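Accompanying notes for the structure given below.
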Number of protein chains: 2
Amino acid sequence: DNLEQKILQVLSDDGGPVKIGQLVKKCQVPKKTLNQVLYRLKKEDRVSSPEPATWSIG
Amino acid sequence: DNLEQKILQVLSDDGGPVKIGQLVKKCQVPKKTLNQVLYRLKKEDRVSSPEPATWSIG
RNA sequence: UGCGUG
RNA sequence: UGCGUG
């Protein structure tokens, strides 16, 4: 929810492929917690994964 | 160490393929903790994995 | 090395 | 669904 919004803001401000480690630094939660949301967002066609462990708005 | 010995005893007393969930019940530690040792034991040719998430003496 | 796993 | 990941 708040984490979902933070992930969306980081991906949108970046505008390009973002590595999971870079999201950890910006979102201040562990990789597993990020990936739970990222894969849910992916299912929802809110984000895309152009590369392994790499995420973008899509 | 003690967990390694417990895993070895459970696999040897069983004598056949053992599922990771069955090891959890006997060894009273989580699947990740079991798998850390199991894959180290596998590297050491002390156990084998005849099937995914399935383990035996080998 | 991808790991999200329930 | 394999997950051991450092």
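Scheme for the structure tokens: letters A, B, ... for chains in order shown; per-chain residue numbers from 1; ligand numbers from 1 in order shown.
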Chain A onto chain B, all Cα, least squares, as a short mmCIF file (atom, residue, chain, number, x, y, z; two decimals) with C-alpha atoms, in the first residue's frame:
data_model
loop_
_atom_site.label_atom_id
_atom_site.label_comp_id
_atom_site.auth_asym_id
_atom_site.auth_seq_id
_atom_site.Cartn_x
_atom_site.Cartn_y
_atom_site.Cartn_z
CA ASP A 1 26.56 -30.05 13.23
CA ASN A 2 23.95 -31.48 15.65
CA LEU A 3 21.37 -30.65 12.92
CA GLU A 4 23.66 -32.35 10.33
CA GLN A 5 23.75 -35.49 12.53
CA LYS A 6 19.93 -35.38 12.98
CA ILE A 7 19.37 -35.08 9.20
CA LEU A 8 21.77 -37.98 8.59
CA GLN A 9 19.99 -40.18 11.20
CA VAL A 10 16.51 -39.40 9.77
CA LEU A 11 17.64 -40.14 6.18
CA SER A 12 19.47 -43.35 7.23
CA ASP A 13 16.69 -44.68 9.42
CA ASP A 14 14.25 -44.03 6.59
CA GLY A 15 16.52 -45.55 3.95
CA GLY A 16 14.48 -44.11 1.09
CA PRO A 17 13.61 -40.75 -0.48
CA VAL A 18 12.49 -38.29 2.21
CA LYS A 19 10.57 -35.10 1.49
CA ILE A 20 11.82 -31.83 2.93
CA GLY A 21 8.52 -31.46 4.81
CA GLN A 22 9.09 -34.81 6.51
CA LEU A 23 12.54 -33.66 7.63
CA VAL A 24 11.00 -30.48 9.08
CA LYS A 25 8.76 -32.62 11.31
CA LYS A 26 11.61 -34.82 12.51
CA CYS A 27 14.27 -32.10 12.84
CA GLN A 28 12.08 -29.30 14.20
CA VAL A 29 13.77 -26.55 12.13
CA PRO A 30 12.40 -24.62 9.13
CA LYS A 31 12.80 -25.68 5.50
CA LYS A 32 15.43 -22.96 4.76
CA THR A 33 17.58 -24.13 7.68
CA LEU A 34 17.30 -27.72 6.51
CA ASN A 35 18.13 -26.80 2.94
CA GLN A 36 21.26 -24.89 3.97
CA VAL A 37 22.63 -28.09 5.51
CA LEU A 38 21.19 -30.46 2.89
CA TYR A 39 22.79 -28.63 0.00
CA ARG A 40 26.10 -28.45 1.92
CA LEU A 41 25.81 -32.19 2.60
CA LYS A 42 24.96 -32.65 -1.09
CA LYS A 43 28.12 -30.75 -2.09
CA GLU A 44 30.01 -33.13 0.24
CA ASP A 45 28.47 -36.25 -1.42
CA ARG A 46 26.98 -37.17 1.97
CA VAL A 47 23.34 -36.98 0.78
CA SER A 48 21.64 -37.13 -2.61
CA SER A 49 18.50 -35.59 -4.08
CA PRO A 50 16.75 -38.20 -6.28
CA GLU A 51 13.84 -35.80 -6.80
CA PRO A 52 13.14 -32.11 -6.25
CA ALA A 53 12.93 -31.27 -2.52
CA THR A 54 13.50 -34.97 -1.82
CA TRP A 55 16.57 -36.31 -0.04
CA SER A 56 18.23 -39.62 0.71
CA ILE A 57 21.50 -41.04 2.00
CA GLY A 58 23.90 -40.71 -0.92
#
Determine, using only C-alpha atoms (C1' of nucleotides), which residues of chain C have any atom at most 9 Å from an atom of chain A, and tabulate each with its shortest atom pair and distance in Å to one decimal place, rows ordered by chain and then rising number, as a tab-separated table.
residue	atom	partner	partner_atom	distance
C:2	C1'	A:52	CA	6.1
C:3	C1'	A:32	CA	8.0
C:4	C1'	A:36	CA	5.0
*as a ChimeraX atom specification, which residues of chain A does DSSP assign to helix (DSSP H, G or I)?*
/A:2-14,20-27,31-43
Please produce an output containing C-alpha atoms for each residue in the selection, written as a compact mmCIF listing (two decimals), in the first residue's frame.
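What landed in result.txt:
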# COMPACT_ATOMS: atom_id res chain seq x y z
CA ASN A 2 2.34 2.79 1.21
CA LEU A 3 5.21 0.50 0.05
CA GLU A 4 3.36 -0.02 -3.29
CA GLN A 5 3.14 3.79 -3.72
CA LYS A 6 6.86 4.19 -2.81
CA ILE A 7 7.89 1.51 -5.36
CA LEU A 8 5.74 3.19 -8.02
CA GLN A 9 7.27 6.65 -7.28
CA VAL A 10 10.86 5.29 -7.39
CA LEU A 11 10.24 3.45 -10.70
CA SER A 12 8.45 6.47 -12.25
CA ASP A 13 10.98 9.05 -11.12
CA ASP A 14 13.73 6.82 -12.49
CA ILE A 20 16.03 -4.67 -6.93
CA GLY A 21 19.03 -3.55 -4.86
CA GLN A 22 18.41 0.06 -5.85
CA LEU A 23 14.79 -0.25 -4.72
CA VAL A 24 15.97 -1.62 -1.36
CA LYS A 25 18.01 1.55 -0.79
CA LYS A 26 15.14 3.86 -1.71
CA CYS A 27 12.32 1.90 -0.04
CA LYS A 31 14.42 -7.68 -1.12
CA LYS A 32 11.78 -10.35 -0.24
CA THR A 33 9.32 -7.66 0.90
CA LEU A 34 9.94 -5.70 -2.29
CA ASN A 35 9.53 -8.77 -4.45
CA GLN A 36 6.20 -9.69 -2.85
CA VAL A 37 4.80 -6.34 -3.97
CA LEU A 38 6.68 -6.18 -7.28
CA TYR A 39 5.39 -9.53 -8.44
CA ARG A 40 1.85 -8.58 -7.33
CA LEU A 41 2.23 -5.29 -9.23
CA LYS A 42 3.57 -7.31 -12.17
CA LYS A 43 0.49 -9.55 -12.08
